[PDB]
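The chain below stands alone and is given as structure tokens, in the form deposited in one PDB entry.
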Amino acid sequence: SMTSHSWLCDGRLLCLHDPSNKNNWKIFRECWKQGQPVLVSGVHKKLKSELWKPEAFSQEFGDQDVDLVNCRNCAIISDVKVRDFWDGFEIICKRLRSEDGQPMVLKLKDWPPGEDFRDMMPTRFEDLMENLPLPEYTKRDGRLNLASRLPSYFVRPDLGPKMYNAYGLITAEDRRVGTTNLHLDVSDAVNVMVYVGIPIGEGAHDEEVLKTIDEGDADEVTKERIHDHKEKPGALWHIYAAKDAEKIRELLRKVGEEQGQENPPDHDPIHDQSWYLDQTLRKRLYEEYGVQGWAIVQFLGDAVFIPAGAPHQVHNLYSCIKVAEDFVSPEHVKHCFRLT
């Protein structure tokens, strides 16, 4: 039967089932006030699916100049055409290659650039903004979005949305690597998976995806979404409570020292955005510091709600297109205040 919601992460994570249910807020707000992330499924079914394909982005915008990042080693690939990224999104043998002759796992950096998303893509913008879940929190003018309502004593988010476009990580070695390293944001965000590209060429990569999710510490209810409903999984997230950030900094300072980094006792390994917590570091965080995370698999059409100040990392399993809107909820407004 259709239900309003379910739980993932053994009851620690709310999953809302209907993105346009006008009563979602009553369930949402109790979980959110406690600083938990929230998942809303089914957003893809509300969108104009033809607007969110990699072929359309290449055809319409292929001639713009951009930089990419090699996810395996962090190297910048400078001043290439945005078609060089998109045409290899799903066809492996079209990807830029590294010195070793392997097809590279790439991230498109800052595209569309800064705040130009609405000017460059006004139909996409309309399609996203009209279908975001919890609209009183997430729309630019929502009754519970304080973004446009706060003085300069608060850090206000840039006008979005932001696009996050990147290939999936492939091999056993890539299991220890991030699409996006551990970092925190001073605003709230809703991040929506609008497209998951399962490749072809080396299209027999189904089994390393299960070992990544398994070793990623994903729950049994989450593994059932693959094997029973055949939903497409895009990315593996780890998110931590805002209250645990300083314990995460102490660990990463200790591990820096152990690896002979030379860093002042004050420097911020979260703000550096230089760490991905692999199974070894996540186990050590739990055991030595008492800190437990939420391991979240974002499928096509899942919306991930990210509490302000909450450290998070993402590991794309397959090539992903996602779009995120920043907002400022009353529940978390402390995290963007500039005093005390």
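The first residue of the sequence shown is number 1, and the count goes up from there.
Separately, the form solved in complex with a small molecule exists; it is not shown, and the next lines address it.
Although the partner is absent from this view, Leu251 stays clear of the small molecule in the entry with it bound, with no non-hydrogen atom inside 4.5 angstroms. The small molecule in the entry with it bound comes within 4.5 Å of no heavy atom belonging to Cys93. Contact between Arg143 and the small molecule in the entry with it bound is not found at the 4.5 Å heavy atom cutoff. Contact check for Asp206: a non-hydrogen atom falls within 4.5 Å of the small molecule in the entry with it bound.
Only one of the listed residues (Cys74, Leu210, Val80, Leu150) places a non-hydrogen atom within 4.5 angstroms of the small molecule in the entry with it bound, and that residue is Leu210.
Contact with the small molecule in the entry with it bound, judged by any heavy atom within 4.5 Å, is made by just one of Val255, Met129, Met121, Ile198: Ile198. Contact with the small molecule, judged by heavy atoms within 4.5 Å in the entry with it bound, is confined among 121 to 129, 230 to 238, 257 to 265, 85 to 93 to 230 to 238.
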